[PDB]
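For reference, the structure is listed below as structure tokens.
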Amino acid sequence: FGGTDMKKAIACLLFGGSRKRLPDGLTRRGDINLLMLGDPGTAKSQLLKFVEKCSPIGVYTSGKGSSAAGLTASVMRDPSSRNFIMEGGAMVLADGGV
Amino acid sequence: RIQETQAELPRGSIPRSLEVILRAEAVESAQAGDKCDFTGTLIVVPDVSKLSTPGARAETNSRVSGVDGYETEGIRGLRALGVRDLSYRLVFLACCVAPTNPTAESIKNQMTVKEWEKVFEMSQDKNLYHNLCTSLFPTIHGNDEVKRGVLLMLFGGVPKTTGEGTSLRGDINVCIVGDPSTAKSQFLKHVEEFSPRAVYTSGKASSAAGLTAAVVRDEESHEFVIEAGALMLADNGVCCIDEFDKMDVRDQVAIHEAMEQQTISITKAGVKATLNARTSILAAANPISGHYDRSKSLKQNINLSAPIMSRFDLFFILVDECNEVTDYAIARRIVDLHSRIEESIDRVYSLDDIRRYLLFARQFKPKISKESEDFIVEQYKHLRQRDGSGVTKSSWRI
Amino acid sequence: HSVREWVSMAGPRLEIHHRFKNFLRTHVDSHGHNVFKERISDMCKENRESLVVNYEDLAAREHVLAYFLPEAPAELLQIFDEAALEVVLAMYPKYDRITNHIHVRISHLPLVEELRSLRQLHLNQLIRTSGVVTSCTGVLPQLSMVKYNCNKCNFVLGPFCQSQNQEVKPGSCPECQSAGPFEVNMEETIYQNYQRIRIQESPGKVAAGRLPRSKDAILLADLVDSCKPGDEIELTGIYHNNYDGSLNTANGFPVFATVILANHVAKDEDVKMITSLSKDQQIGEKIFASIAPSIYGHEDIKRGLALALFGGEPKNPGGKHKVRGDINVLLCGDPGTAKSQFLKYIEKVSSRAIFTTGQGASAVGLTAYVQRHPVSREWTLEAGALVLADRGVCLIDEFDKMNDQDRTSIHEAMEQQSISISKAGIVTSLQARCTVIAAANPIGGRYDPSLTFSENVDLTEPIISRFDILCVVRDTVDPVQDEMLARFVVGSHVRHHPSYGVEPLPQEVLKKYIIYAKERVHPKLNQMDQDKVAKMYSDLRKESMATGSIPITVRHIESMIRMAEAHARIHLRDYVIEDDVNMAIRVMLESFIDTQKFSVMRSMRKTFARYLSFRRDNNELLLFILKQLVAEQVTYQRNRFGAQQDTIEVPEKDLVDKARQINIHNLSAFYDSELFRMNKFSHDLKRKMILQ
Amino acid sequence: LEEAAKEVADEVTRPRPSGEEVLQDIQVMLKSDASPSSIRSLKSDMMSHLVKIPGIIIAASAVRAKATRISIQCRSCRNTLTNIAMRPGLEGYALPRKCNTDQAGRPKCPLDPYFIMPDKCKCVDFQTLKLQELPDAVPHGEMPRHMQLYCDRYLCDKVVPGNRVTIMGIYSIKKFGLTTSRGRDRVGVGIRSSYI
Amino acid sequence: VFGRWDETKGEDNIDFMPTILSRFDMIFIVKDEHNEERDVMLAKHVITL
Ligand SMILES: Nc1ncnc2c1ncn2[C@@H]1O[C@H](COP(=O)(O)OP(=O)(O)OP(=O)(O)O)[C@@H](O)[C@H]1O
Ligand SMILES: Nc1ncnc2c1ncn2[C@@H]1O[C@H](COP(=O)(O)OP(=O)(O)O)[C@@H](O)[C@H]1O
Ligand SMILES: Nc1ncnc2c1ncn2[C@@H]1O[C@H](COP(=O)(O)OP(=O)(O)O)[C@@H](O)[C@H]1O
Ligand SMILES: [Mg+2]
Ligand SMILES: [Mg+2]
Ligand SMILES: [Zn+2]
Ligand SMILES: [Zn+2]
């Protein structure tokens, strides 16, 4: 119930903007970032879950990551066989998603 | 495997370890943690990887030489002459194993008529409550409450099980907290000396694998064998822990697990096993500031976790008086020890008699009488009512 | 000569075969019925492959076979198998198409010594042991009747029987006379079921001062997967040496390894009864009182756990709005209130319940990880306790002691109902549809009535908000309650030495009712009353804002609905009525009010006495008033006198006035009530007084 | 069926561009609507038959090379045996020991004269996978069971670890000769490692 | 920051530094607003759902 403006903001979030590289090699962000501050019980988490389901690519996480997955990527070296391993984080696992 | 005892150690030397082999009927005896005398032979057994350098070796007396195309080179020549490396090790074979110093009906039958006479004489004395306090602790002055508590912990209670699958503790655990030099480690040392199966450990000296258990592979067969820790060697005995605060929090977690479940679970090296640890714990701890603060509760004076704090049956607190006449009474005893090396002791019962009586006494499983039910109910009611607001705060809460 | 030597020769072999055939054909029970008749008939009805024989009957009928059985098991078992196969094929001719062999297993025996006593004397004999299973290798295809392909030509060598002692090595190809090599014809070979088990002594039977010992056993054919790890079993088997590789040769003494080969293992109207119990008008109170027989008091907690166990119903219109039906429970209590016993009972009752502790060293972890298992030595993905309890209950003890990872995983599993894993090249999402029940202690070690629930507990507000029901167990010195609790404890201790609700249902009946209600009861909300709910919600929010702390939110209403559904599931109602709604209202209001501090709680309790009094007892309220007055008098006596007096007395006028304030004008039934006598109260008309 | 498919493909696409006359092999995959069965139901009776099983993939090894046609050479006379067909699955091959050439008057070749020529062999892709029982169907209080899977040619890289897959295959055993048991444990007799 | 919004305090209700807040495009603030007749509609909508 309610939040028509909020729903429209979420829709334009889902569609997203357009990214633009430049001749100098510099880039400019083409994606939208939103913040929602509110009292408990204001139906915020449900919108996030609906966005996660609606978008073709979507990851839902909290602060400090998830149960067994971090929020950012990390790099290690295998001592037995020398290979540079990288662990996918919640941000790396999404490309073009929400 | 056997080890050389401490009394035989020379200056600055680690105890010697030896391997003993049991055949047929003698196989049964000599369990882990014992202190036993062996009688047998000393025998030489070959070894493989002793010689990284060439040494004494065997050969054949035949005067045989090679022929062209079959010349006695290294490998073929060594194999043709049957050369074997003479390496050896020392192994003890045992034919008699005995205790160094030696089911209630079985215990009664084992004892002789004179031993049973002594046991019966001990049995019907009220001074048994008093004299046992003085016998085990002749030199320590005062602190009779701690002596009584330690004796009660030694005798222990009765374990029971319920119909729902739960189990109830039958052991008693004791903690002592006190100011410096209040004979706090003397009780631990005396209990270690008296008890036949007791292990004394300091907080930081013992590791996690030192307690609990370890798993290693059998030398010959495919099976596995278990190395017992301090708690397993002290099974159905007393474990003494000095400087209880110095133990790691995770070691304290393991100790609490052993105190609650009374079971050690091992899942390592392809072996899953459960072992029984029915130990009674005697622990000594220091105040946080090095002295007991009279203005604060017990929970604010010790750095111990709440669960293990609640698991302990009894806490004893020792505080040193400054200039009371006891300073004289203490001194008179101490010099009495130095002036009289062995003649200043008036023990009533020898330690062996006490051990025999304790072994006989631990077999009993007394029940709870009907009047005792109501008496305990009313006494617990009074104890809880003591917690009322009409009187000052107490260290505990009931 | 040895027993096996006499067994080997053909004469006594055929004679014993005939004797066993006659024993099979002529054996009858104590009532004259042919035992093997019914046995083989019921075996035939399910196309089974095994037959069970008792040593007692075998010894009674034919003594020589029983005498020879222990000291020559393999050949005698083979002969008995042949005889049984002949008899069965005589009874039915179709098994030549179905099963070409039948095994004979010995069921009962004179009990043989434990694992300690097995020594050289028991080699190649028949023994019976008891132990505890610790590991299993799974099911493995072993060879039997092997066909080999020659590698020079392509001839197929005939079937060879695979003995358990040595591998089969064919001599030469019958046609080209080659000496090898040969390989196994995979398509034409026959295979058998094989499993390996490790058995350890029961820890209760081990004498003090020594350690439990273990031994290995092998199960074949129908015996596979008949035991779970951690169970207690009894085997009848053969103590064996003659298998290749038993002798230690490379180094050390000439030591042999022993193995045991086992051949036996020894560990409609209900729906009508459920409907009949549902027909009873007071089934709900029976179920409420049926929970936790061994715990005294805490009736409200048991009532809440009833709804938690029965549960609700998830709802998801389309694939957009998911709403769970699992009712989580949180308990916060002072030490000694027996919070863990509730979790133990719930684990015992629940069909699928997982238990874990946050302090550390738990048997089951709370976080998924990929690891080589220490026992099976296999690369496994071990999910947490949350994943394992799909459509089940997860229990967490010592909720405050949990570290960062456990809190994060619990928050993710409670709010999203799924667990995400990104470890060792594995990216997964797993379902965590489970009900969470937790127990905890306050921050200072004692609950403070002057502070809110959040200030008393180490947990955070987002975690608390997830739980539908919060229960607070505060320890307070009540002499009568303490006396009753002590009486129960001492009675339990004495009983277990080695030498309101009319009647609770049996535990198995309760389990069956729970299963049936979960499977076949789906209450419908087609008769809800929105007007009363909306008005009550508005009034609750209004007075919450008037007090000025912790306002109510829509989430609570959802919980109410779920609880209502749970209540409708208790009575097997297919539709929701006002009684369930009012009960859920009472539960939700109690939970909400109990989390407030002193003044706010008192004001809310006084104002909302209308709703909280649904199906309540006036006598209980009067008892509460009397207890409050008694406590006030006792506190005054203790503060002024410095000690309690021998008697407690209270005028009736104060009780009457307070009852009038709660709109109660008669108290004779309260005087005659059982609650009055249980607390040892008396009423004297000679002085118009109440004495305790 | 693969030979029939190759012949049909030759029939339909005869006028190919010049130079590429070589007709290559064709892999035939299977698919069905039959409902699956539990992995726990796999027992001795299902050997060398066709089974359908669900699972979750937890490990996938690297793609390697396996030979299907080999050619070997003799030490002395340098004669060659060509176009020897290898068997599919985890099965090996044993080289012959005798040189099969008629030589009268000439001296003869020694014993075991054959060497494998690597540059004259046909190779295909090879992969092994590890499959675990579904958590949705694992019995309460029981450790999950595992299985090893063999992937050949075009089936490689179709599955990423973490996916939930349904697999149709043949239940088999490895065949690397009658090797002796190893290790300090020798209880098991006549056990061949199984796979799908 | 305090668990529930405090309108009169204005600022200091948000703990984030302005640097991280700059990266957001739109910021929404939601409050539990007292409306006696709106609660009836919300309850009816919820029960209807
Ligand atoms: N109402 C009761 N009925 C029966 N036993 C009780 C009751 N209250 C407490 N007990 C007993 O009190 C003892 C306290 O141990 P228990 O593990 O139950 O405590 P807990 O409440 O979980 O405490 P903690 O906060 O330390 O985890 C138990 O042996 C339990 O049987
Ligand atoms: N306007 C609304 N319409 C429908 N449902 C609502 C509305 N407001 C609240 N709810 C219900 O209340 C719950 C709100 O919880 P949640 O969204 O998790 O709160 P928050 O996002 O603040 O943590 C949801 O489950 C939702 O079903
Ligand atoms: N009450 C006492 N009676 C006899 N000797 C005592 C007494 N108190 C202290 N002592 C002596 O003082 C020393 C105390 O040291 P110790 O007990 O090791 O201190 P702590 O255990 O606190 O580290 C002991 O050697 C003991 O001989
Ligand atoms: Mg000391
Ligand atoms: Mg507890
Ligand atoms: Zn051949
Ligand atoms: Zn050649």
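Ordering of the structure tokens sets the chain letters (A, B, ...); residue numbers start at 1 within each chain; ligands are numbered from 1 in the order shown.
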
Requested in this report: Output the contact residues of chain C with respect to chain E at a cut-off of 9 Å, based on only C-alpha atoms, as a ChimeraX atom specification.
Outcome: /C:317,461,525,528-531,533-535,537-539,541-542,545,553-554,557-558,561

Could you take the residues named above and write them with N, CA and C atoms, as a compact mmCIF listing (two decimals), in the first residue's frame?
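File part_17.txt, as written:
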```txt
# COMPACT_ATOMS: atom_id res chain seq x y z
N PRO C 317 1.06 -14.71 -2.97
CA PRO C 317 0.28 -14.37 -4.16
C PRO C 317 1.18 -14.18 -5.37
N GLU C 461 18.23 -5.15 18.06
CA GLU C 461 16.82 -4.99 17.72
C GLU C 461 16.41 -5.70 16.43
N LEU C 525 -9.31 -18.28 5.88
CA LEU C 525 -9.62 -17.02 6.53
C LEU C 525 -10.87 -16.35 5.97
N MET C 528 -13.06 -13.74 8.53
CA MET C 528 -12.41 -12.79 9.41
C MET C 528 -13.27 -11.55 9.61
N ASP C 529 -13.08 -10.89 10.75
CA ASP C 529 -13.78 -9.65 11.07
C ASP C 529 -12.76 -8.52 11.07
N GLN C 530 -12.77 -7.73 10.00
CA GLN C 530 -11.78 -6.66 9.84
C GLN C 530 -12.08 -5.45 10.71
N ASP C 531 -13.35 -5.21 11.04
CA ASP C 531 -13.72 -4.02 11.80
C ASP C 531 -13.10 -4.05 13.19
N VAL C 533 -10.59 -5.86 14.30
CA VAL C 533 -9.13 -5.86 14.22
C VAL C 533 -8.61 -4.45 13.96
N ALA C 534 -9.24 -3.74 13.02
CA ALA C 534 -8.80 -2.39 12.71
C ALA C 534 -8.97 -1.46 13.90
N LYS C 535 -10.12 -1.55 14.58
CA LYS C 535 -10.36 -0.70 15.74
C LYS C 535 -9.35 -0.98 16.85
N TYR C 537 -6.35 -2.31 16.54
CA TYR C 537 -5.03 -1.86 16.11
C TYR C 537 -4.89 -0.35 16.28
N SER C 538 -5.92 0.40 15.89
CA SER C 538 -5.88 1.85 16.04
C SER C 538 -5.77 2.24 17.50
N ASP C 539 -6.55 1.59 18.37
CA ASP C 539 -6.50 1.93 19.79
C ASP C 539 -5.15 1.58 20.40
N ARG C 541 -2.21 1.43 18.85
CA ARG C 541 -1.23 2.43 18.40
C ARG C 541 -1.44 3.75 19.12
N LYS C 542 -2.70 4.15 19.31
CA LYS C 542 -2.99 5.40 20.00
C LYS C 542 -2.43 5.41 21.41
N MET C 545 1.42 5.45 21.54
CA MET C 545 1.95 6.79 21.35
C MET C 545 1.66 7.67 22.57
N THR C 553 3.22 -2.17 15.51
CA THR C 553 3.32 -2.11 14.06
C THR C 553 2.47 -3.20 13.44
N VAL C 554 2.39 -3.17 12.11
CA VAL C 554 1.52 -4.10 11.38
C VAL C 554 2.01 -5.54 11.53
N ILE C 557 0.13 -7.90 13.83
CA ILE C 557 -1.14 -8.42 13.31
C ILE C 557 -0.89 -9.69 12.51
N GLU C 558 0.12 -9.67 11.64
CA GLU C 558 0.45 -10.87 10.88
C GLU C 558 0.66 -12.05 11.81
N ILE C 561 -2.56 -13.42 13.01
CA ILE C 561 -3.23 -14.24 12.01
C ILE C 561 -2.61 -15.63 12.00
```

Requested in this report: Could you tell me, counting only C-alpha atoms and all ligand atoms, which protein and nucleic acid residues lie no more than 7 Å from ligand 7, written as a VMD selection string?
Outcome: chain D and resid 74 to 79 99 101 109 113

Query raised in the report: Counting only C-alpha atoms, which residues from chain B have an atom at most 10 Å from any atom of chain D, and could you show them as a ChimeraX atom specification?
Result: /B:220-223

Using N, CA and C atoms, can you write the selected residues to a file as a PDB file, in the first residue's frame?
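Result saved to part-v4.pdb:
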```pdb
ATOM      1  N   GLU B 220      51.618 -52.391  13.762  1.00  0.00           N
ATOM      2  CA  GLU B 220      51.526 -53.603  12.956  1.00  0.00           C
ATOM      3  C   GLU B 220      50.235 -53.669  12.147  1.00  0.00           C
ATOM      4  N   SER B 221      49.091 -53.635  12.820  1.00  0.00           N
ATOM      5  CA  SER B 221      47.810 -53.878  12.179  1.00  0.00           C
ATOM      6  C   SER B 221      47.288 -52.591  11.543  1.00  0.00           C
ATOM      7  N   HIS B 222      46.062 -52.644  11.025  1.00  0.00           N
ATOM      8  CA  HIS B 222      45.439 -51.492  10.389  1.00  0.00           C
ATOM      9  C   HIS B 222      44.643 -50.631  11.359  1.00  0.00           C
ATOM     10  N   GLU B 223      44.492 -51.059  12.609  1.00  0.00           N
ATOM     11  CA  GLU B 223      43.640 -50.364  13.559  1.00  0.00           C
ATOM     12  C   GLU B 223      44.323 -49.093  14.061  1.00  0.00           C
TER      13      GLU B 223
END
```

Requested in this report: Give as a list in words the residues surrounding ligand 4 up to a distance of 10 Å, considering only C-alpha atoms and all ligand atoms.
Outcome: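 The neighbouring residues of ligand 4 are, in order, residues 178, 179, 180, 181, 182, 183, 184, 185, 186, 187, 188, 189, 202, 242, 243, 284, 285 and 286 of chain B.
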
Query raised in the report: Which polymer residues have any atom within 10 Å of an atom of residue B:333, counting only C-alpha atoms, with same-chain residues fewer than 4 positions away left out, as a list in words?
Result: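 Counting only C-alpha atoms, the residues come to residues 138, 139, 140, 141, 328, 329, 337, 338, 339 and 344 of chain B.
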
For N, CA, C and O atoms, I'd like the residues from the last selection saved as a PDB file, in the first residue's frame.
```pdb
ATOM      1  N   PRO B 138      48.688 -32.466  58.029  1.00  0.00           N
ATOM      2  CA  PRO B 138      49.222 -32.228  59.378  1.00  0.00           C
ATOM      3  C   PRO B 138      49.865 -30.865  59.536  1.00  0.00           C
ATOM      4  O   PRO B 138      49.757 -30.256  60.607  1.00  0.00           O
ATOM      5  N   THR B 139      50.533 -30.364  58.499  1.00  0.00           N
ATOM      6  CA  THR B 139      51.334 -29.153  58.626  1.00  0.00           C
ATOM      7  C   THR B 139      50.534 -27.874  58.425  1.00  0.00           C
ATOM      8  O   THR B 139      50.865 -26.850  59.032  1.00  0.00           O
ATOM      9  N   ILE B 140      49.497 -27.902  57.592  1.00  0.00           N
ATOM     10  CA  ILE B 140      48.739 -26.690  57.300  1.00  0.00           C
ATOM     11  C   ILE B 140      47.943 -26.290  58.536  1.00  0.00           C
ATOM     12  O   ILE B 140      47.253 -27.117  59.143  1.00  0.00           O
ATOM     13  N   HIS B 141      48.038 -25.018  58.912  1.00  0.00           N
ATOM     14  CA  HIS B 141      47.344 -24.517  60.087  1.00  0.00           C
ATOM     15  C   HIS B 141      45.989 -23.931  59.708  1.00  0.00           C
ATOM     16  O   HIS B 141      45.873 -23.167  58.746  1.00  0.00           O
ATOM     17  N   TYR B 328      51.752 -15.790  65.425  1.00  0.00           N
ATOM     18  CA  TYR B 328      52.513 -16.642  66.331  1.00  0.00           C
ATOM     19  C   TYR B 328      52.199 -18.112  66.081  1.00  0.00           C
ATOM     20  O   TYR B 328      53.103 -18.927  65.863  1.00  0.00           O
ATOM     21  N   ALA B 329      50.907 -18.458  66.076  1.00  0.00           N
ATOM     22  CA  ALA B 329      50.505 -19.858  65.973  1.00  0.00           C
ATOM     23  C   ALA B 329      50.993 -20.483  64.675  1.00  0.00           C
ATOM     24  O   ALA B 329      51.338 -21.670  64.639  1.00  0.00           O
ATOM     25  N   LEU B 337      58.543 -27.653  61.805  1.00  0.00           N
ATOM     26  CA  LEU B 337      58.871 -28.497  60.663  1.00  0.00           C
ATOM     27  C   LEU B 337      60.371 -28.500  60.393  1.00  0.00           C
ATOM     28  O   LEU B 337      60.948 -29.547  60.077  1.00  0.00           O
ATOM     29  N   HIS B 338      61.021 -27.338  60.511  1.00  0.00           N
ATOM     30  CA  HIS B 338      62.451 -27.264  60.226  1.00  0.00           C
ATOM     31  C   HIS B 338      63.281 -27.833  61.371  1.00  0.00           C
ATOM     32  O   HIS B 338      64.294 -28.501  61.137  1.00  0.00           O
ATOM     33  N   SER B 339      62.874 -27.574  62.614  1.00  0.00           N
ATOM     34  CA  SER B 339      63.612 -28.110  63.753  1.00  0.00           C
ATOM     35  C   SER B 339      63.400 -29.612  63.892  1.00  0.00           C
ATOM     36  O   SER B 339      64.329 -30.345  64.250  1.00  0.00           O
ATOM     37  N   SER B 344      57.593 -34.163  64.158  1.00  0.00           N
ATOM     38  CA  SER B 344      56.546 -33.206  64.482  1.00  0.00           C
ATOM     39  C   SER B 344      55.204 -33.561  63.850  1.00  0.00           C
ATOM     40  O   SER B 344      54.410 -32.660  63.557  1.00  0.00           O
TER      41      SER B 344
END
```

Neighbouring residues of ligand 2 are defined here as those with any atom at most 6 Å from a ligand atom, counting only C-alpha atoms and all ligand atoms; list them as a CSV table (one decimal) with C-alpha atoms, in the first residue's frame.
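Written output follows (selection-v3.csv):
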```csv
chain,number,residue,atom,x,y,z
A,1,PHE,CA,0.0,0.0,0.0
A,40,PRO,CA,11.0,-0.3,11.8
A,41,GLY,CA,7.9,-1.9,10.1
A,42,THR,CA,7.7,0.5,7.1
A,43,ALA,CA,7.8,-2.3,4.5
A,44,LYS,CA,11.4,-1.7,3.3
A,45,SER,CA,12.8,-5.3,3.2
A,46,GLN,CA,9.9,-6.5,1.1
C,554,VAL,CA,1.5,-4.1,11.4
C,555,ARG,CA,3.9,-7.1,11.8
E,46,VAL,CA,-3.7,-6.6,4.9
```

Report task. Taking the chain letters and numbering used in this document, name the residues of chain A that DSSP puts in alpha helix (DSSP H), as a list in words. Result -> residues 4, 5, 6, 7, 8, 9, 10, 11, 12, 13, 14, 15, 45, 46, 47, 48, 49, 50, 51, 52, 53 and 54 of chain A

Could those selected residues go to a file with N, CA and C atoms, as a short mmCIF file (atom, residue, chain, number, x, y, z; two decimals), in the first residue's frame?
```cif
data_model
loop_
_atom_site.label_atom_id
_atom_site.label_comp_id
_atom_site.auth_asym_id
_atom_site.auth_seq_id
_atom_site.Cartn_x
_atom_site.Cartn_y
_atom_site.Cartn_z
N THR A 4 3.70 5.28 -4.18
CA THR A 4 3.72 5.31 -5.64
C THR A 4 5.00 5.96 -6.16
N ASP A 5 5.43 7.05 -5.52
CA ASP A 5 6.69 7.67 -5.88
C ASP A 5 7.86 6.72 -5.63
N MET A 6 7.82 6.00 -4.51
CA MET A 6 8.86 5.02 -4.22
C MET A 6 8.87 3.91 -5.26
N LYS A 7 7.69 3.44 -5.67
CA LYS A 7 7.61 2.39 -6.68
C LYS A 7 8.15 2.88 -8.02
N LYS A 8 7.84 4.13 -8.39
CA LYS A 8 8.37 4.67 -9.64
C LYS A 8 9.89 4.82 -9.58
N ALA A 9 10.42 5.22 -8.42
CA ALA A 9 11.86 5.28 -8.25
C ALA A 9 12.49 3.90 -8.39
N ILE A 10 11.85 2.88 -7.82
CA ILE A 10 12.34 1.51 -7.98
C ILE A 10 12.29 1.06 -9.44
N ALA A 11 11.23 1.43 -10.16
CA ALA A 11 11.13 1.05 -11.57
C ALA A 11 12.25 1.68 -12.39
N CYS A 12 12.49 2.98 -12.19
CA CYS A 12 13.57 3.62 -12.94
C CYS A 12 14.93 3.12 -12.47
N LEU A 13 15.03 2.64 -11.23
CA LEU A 13 16.22 1.92 -10.80
C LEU A 13 16.42 0.66 -11.62
N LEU A 14 15.35 -0.11 -11.79
CA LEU A 14 15.45 -1.38 -12.51
C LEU A 14 15.85 -1.15 -13.96
N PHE A 15 15.28 -0.12 -14.60
CA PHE A 15 15.65 0.17 -15.98
C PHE A 15 17.08 0.70 -16.06
N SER A 45 12.16 -4.05 3.60
CA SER A 45 12.79 -5.30 3.19
C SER A 45 12.01 -5.98 2.08
N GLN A 46 10.68 -5.89 2.12
CA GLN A 46 9.86 -6.54 1.11
C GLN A 46 10.13 -5.96 -0.28
N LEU A 47 10.29 -4.64 -0.36
CA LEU A 47 10.63 -4.03 -1.64
C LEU A 47 11.98 -4.52 -2.14
N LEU A 48 12.95 -4.69 -1.24
CA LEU A 48 14.26 -5.17 -1.66
C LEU A 48 14.17 -6.60 -2.19
N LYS A 49 13.40 -7.46 -1.52
CA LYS A 49 13.23 -8.82 -2.02
C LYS A 49 12.49 -8.85 -3.35
N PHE A 50 11.48 -8.00 -3.51
CA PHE A 50 10.78 -7.93 -4.80
C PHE A 50 11.72 -7.46 -5.90
N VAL A 51 12.60 -6.50 -5.59
CA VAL A 51 13.57 -6.05 -6.58
C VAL A 51 14.53 -7.18 -6.93
N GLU A 52 14.98 -7.93 -5.93
CA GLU A 52 15.89 -9.04 -6.18
C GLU A 52 15.25 -10.08 -7.10
N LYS A 53 13.97 -10.37 -6.89
CA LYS A 53 13.28 -11.31 -7.77
C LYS A 53 12.98 -10.74 -9.15
N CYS A 54 12.68 -9.44 -9.23
CA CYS A 54 12.21 -8.86 -10.49
C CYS A 54 13.35 -8.68 -11.48
#
```

Report task. Please identify every polymer residue within 8 Å of ligand 1, using only C-alpha atoms and all ligand atoms, and present the set as a list in words. Result ->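 After applying the 8 Å limit, what remains is residues 168, 306, 307 and 310 of chain B; 294, 295, 296, 297, 298, 333, 334, 335, 336, 337, 338, 339, 340, 341, 397, 398, 439, 440, 441, 485, 488 and 489 of chain C.
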
Query raised in the report: Which chain E residues are at most 6 Å from chain A (counting only C-alpha atoms), as a count of residues only?
Result: 9

Query raised in the report: C:670, C:431, C:176, C:190: which is nearest residue D:46, counting only C-alpha atoms?
Result: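 Checking each candidate against residue D:46, we get C:190 as the closest.
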
Report task. For chain C, report every residue with an atom at most 8 Å from chain A (counting only C-alpha atoms), formatted as a ChimeraX atom specification. Result -> /C:320-321,367-369,405-406,408-410,412,419-425,553-555

Query - Shell of 12 Å around stretch 677-680 of chain C, only C-alpha atoms, local chain residues under 6 positions omitted, as JSON, numbers by chain - result: {"C": [478, 479, 480, 481, 482, 483, 484, 619, 620, 623, 624, 626, 627, 630, 648, 669, 670, 671, 690, 691, 692]}

Requested in this report: Would you list the contacts of residue A:94 as a PyMOL selection string, taking every protein, DNA or RNA residue within 8 Å and counting only C-alpha atoms, but skipping same-chain residues closer than 6 positions in sequence?
Outcome: chain A and resi 57-59

Report task. Could you give me, as a ChimeraX atom specification, every polymer residue with an atom at most 6 Å away from an atom of ligand 6, counting only C-alpha atoms and all ligand atoms? Result -> /C:150,152-153,155,173,175-176,178

Quick one: contact table of chain C to chain B, 7 Å max, nearest atom pair and distance in Å to one decimal per residue, counting only C-alpha atoms, chain and number order, as a tab-separated table?
```
residue	atom	partner	partner_atom	distance
C:134	CA	B:272	CA	6.2
C:203	CA	B:275	CA	6.5
C:208	CA	B:236	CA	6.7
C:209	CA	B:235	CA	6.5
C:210	CA	B:31	CA	6.6
C:248	CA	B:220	CA	6.3
C:252	CA	B:220	CA	6.7
C:255	CA	B:220	CA	6.5
C:257	CA	B:221	CA	5.9
C:374	CA	B:268	CA	5.3
C:375	CA	B:270	CA	3.7
C:376	CA	B:270	CA	6.4
C:377	CA	B:270	CA	7.0
C:479	CA	B:381	CA	6.7
C:482	CA	B:381	CA	6.9
C:483	CA	B:377	CA	6.4
C:486	CA	B:377	CA	5.9
C:487	CA	B:377	CA	6.5
C:490	CA	B:373	CA	6.6
C:494	CA	B:368	CA	6.4
C:496	CA	B:162	CA	5.2
C:497	CA	B:160	CA	6.0
C:498	CA	B:160	CA	6.9
C:638	CA	B:390	CA	5.4
C:639	CA	B:390	CA	5.9
C:642	CA	B:390	CA	5.9
C:643	CA	B:390	CA	6.7
```

Query raised in the report: To one decimal place, how far is atom CA of residue D:117 from atom CA of residue D:80 in Å?
Result: 9.6 Å

Query raised in the report: What gap, in Å, lies between atom CA of residue C:315 and atom CA of residue C:384?
Result: 25.9 Å

Could you give me, as JSON lines, every chain C residue with an atom at most 6 Å from chain D, plus its closest atom pair and distance in Å to one decimal, counting only C-alpha atoms, rows ordered by chain then number?
```
{"residue": "C:141", "atom": "CA", "partner": "D:44", "partner_atom": "CA", "distance": 5.5}
{"residue": "C:142", "atom": "CA", "partner": "D:191", "partner_atom": "CA", "distance": 5.2}
{"residue": "C:187", "atom": "CA", "partner": "D:48", "partner_atom": "CA", "distance": 5.9}
{"residue": "C:191", "atom": "CA", "partner": "D:44", "partner_atom": "CA", "distance": 5.4}
{"residue": "C:192", "atom": "CA", "partner": "D:44", "partner_atom": "CA", "distance": 5.7}
{"residue": "C:245", "atom": "CA", "partner": "D:186", "partner_atom": "CA", "distance": 5.5}
{"residue": "C:426", "atom": "CA", "partner": "D:162", "partner_atom": "CA", "distance": 5.2}
{"residue": "C:427", "atom": "CA", "partner": "D:162", "partner_atom": "CA", "distance": 5.3}
{"residue": "C:428", "atom": "CA", "partner": "D:162", "partner_atom": "CA", "distance": 5.2}
```
